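A.B. asks: This structure is in structure tokens; I'll ask about it shortly.
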Amino acid sequence: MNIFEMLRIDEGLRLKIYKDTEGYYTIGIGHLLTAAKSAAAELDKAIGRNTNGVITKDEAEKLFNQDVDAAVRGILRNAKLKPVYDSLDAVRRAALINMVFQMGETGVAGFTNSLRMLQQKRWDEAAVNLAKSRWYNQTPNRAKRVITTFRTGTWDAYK
Ligand SMILES: [Cl-]
Ligand SMILES: [Cl-]
């Protein structure tokens with residue numbers, strides 16, 4: 001169990017543009033593209049080819065790699081995130097990276113209270129706090145797996 005496998009599970013794999021739980025055009029392994037033609041356009045530019053709304057597994061895997069790298073890099077460059085990340089064990093690092101991949105750096109950075117509790121190693125409590133969020137109510141099952149990972153420090157939720 002690693003971040004890649006962890007996210008592959010949470011995001012799935014879809015080779016044709018599609019909308020995500022939020023209405024946004026997305027593709028591959030949770031690769032957020034955006035409206036429609038505009039998204040087919042975003043997609044062709046991202047792949048550098050005329051896609052016709054569809055890509056290979058290999059290209060979806062390329063996006064994925066780019067995406068995970070971008071997230072870790074974004075955490076590390078972020079003032080409020082970095083310190084949290086550094087303070088965590090390797091499993092929980094995975095958990096933060098998941099959230100960032102999903103919701104953007106910016107969005108994670110607003111989980112101010114949870115971020116501080118994670119820092120203080122207040123597990124039970126951060127879990128409770130993370131749950132009061134729109135995030136959890138919109139995608140409760142994913143959210144619970146990620147929250148379990150932060151609570152336990154194990155990969156039990158993904159097995
Ligand atoms: Cl891209
Ligand atoms: Cl879900």
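Each chain of the structure tokens is named A, B, ... in the order shown, its residues numbered from 1; ligands are numbered from 1 in display order.
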Tell me, counting only C-alpha atoms and all ligand atoms, for each residue of chain A within 9 Å of ligand 2, which pair of atoms is nearest and how far apart they are in Å to one decimal, in rows ordered by chain and increasing number, as JSON lines.
C.D. replies:
```
{"residue": "A:10", "atom": "CA", "partner": "ligand 2", "partner_atom_place_in_ligand_line": "1 (Cl)", "distance": 8.0}
{"residue": "A:21", "atom": "CA", "partner": "ligand 2", "partner_atom_place_in_ligand_line": "1 (Cl)", "distance": 8.9}
{"residue": "A:136", "atom": "CA", "partner": "ligand 2", "partner_atom_place_in_ligand_line": "1 (Cl)", "distance": 8.4}
{"residue": "A:137", "atom": "CA", "partner": "ligand 2", "partner_atom_place_in_ligand_line": "1 (Cl)", "distance": 9.0}
{"residue": "A:138", "atom": "CA", "partner": "ligand 2", "partner_atom_place_in_ligand_line": "1 (Cl)", "distance": 7.4}
{"residue": "A:139", "atom": "CA", "partner": "ligand 2", "partner_atom_place_in_ligand_line": "1 (Cl)", "distance": 3.8}
{"residue": "A:140", "atom": "CA", "partner": "ligand 2", "partner_atom_place_in_ligand_line": "1 (Cl)", "distance": 4.9}
{"residue": "A:141", "atom": "CA", "partner": "ligand 2", "partner_atom_place_in_ligand_line": "1 (Cl)", "distance": 3.9}
{"residue": "A:142", "atom": "CA", "partner": "ligand 2", "partner_atom_place_in_ligand_line": "1 (Cl)", "distance": 4.4}
{"residue": "A:143", "atom": "CA", "partner": "ligand 2", "partner_atom_place_in_ligand_line": "1 (Cl)", "distance": 6.7}
{"residue": "A:144", "atom": "CA", "partner": "ligand 2", "partner_atom_place_in_ligand_line": "1 (Cl)", "distance": 8.3}
```
A.B. asks: Please identify every polymer residue within 10 Å of ligand 1, using only C-alpha atoms and all ligand atoms, and present the set as a ChimeraX atom specification.
C.D. replies: /A:31-33,42-48,62-64,66-67
A.B. asks: Find the residues around range 117-131 of chain A up to 10 Å (only C-alpha atoms counted), leave out those fewer than 3 positions away in its own chain, and share them as a PyMOL selection string.
C.D. replies: chain A and resi 83-88+92+111-114+134-137+140+143-144+146-153
A.B. asks: For residue 18 in chain A, which residue out of A:91, A:60, A:97, A:36 is the nearest one, using only C-alpha atoms?
C.D. replies: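 Checking each of A:91, A:60, A:97, A:36 against residue 18 in chain A, counting only C-alpha atoms, the winner is A:36.
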A.B. asks: As a PDB file with N, CA, C and O atoms, in the first residue's frame, please: all residues of range 27-62 of chain A that backbone DSSP puts in strand (DSSP E).
C.D. replies:
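Final output, states_11.pdb:
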```
ATOM      1  N   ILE A  27     -11.011  13.408 -15.948  1.00  0.00           N
ATOM      2  CA  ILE A  27     -10.662  12.235 -16.719  1.00  0.00           C
ATOM      3  C   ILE A  27      -9.499  11.394 -16.039  1.00  0.00           C
ATOM      4  O   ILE A  27      -8.799  11.871 -15.139  1.00  0.00           O
ATOM      5  N   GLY A  28      -9.271  10.140 -16.493  1.00  0.00           N
ATOM      6  CA  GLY A  28      -8.201   9.287 -16.010  1.00  0.00           C
ATOM      7  C   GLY A  28      -8.339   8.936 -14.575  1.00  0.00           C
ATOM      8  O   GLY A  28      -9.384   8.419 -14.143  1.00  0.00           O
ATOM      9  N   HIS A  31      -8.171  13.058 -12.837  1.00  0.00           N
ATOM     10  CA  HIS A  31      -7.494  14.224 -13.374  1.00  0.00           C
ATOM     11  C   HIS A  31      -8.539  15.260 -13.736  1.00  0.00           C
ATOM     12  O   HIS A  31      -9.242  15.102 -14.724  1.00  0.00           O
ATOM     13  N   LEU A  32      -8.652  16.299 -12.908  1.00  0.00           N
ATOM     14  CA  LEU A  32      -9.584  17.395 -13.119  1.00  0.00           C
ATOM     15  C   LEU A  32      -9.244  18.209 -14.371  1.00  0.00           C
ATOM     16  O   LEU A  32      -8.231  18.869 -14.407  1.00  0.00           O
TER      17      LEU A  32
END
```
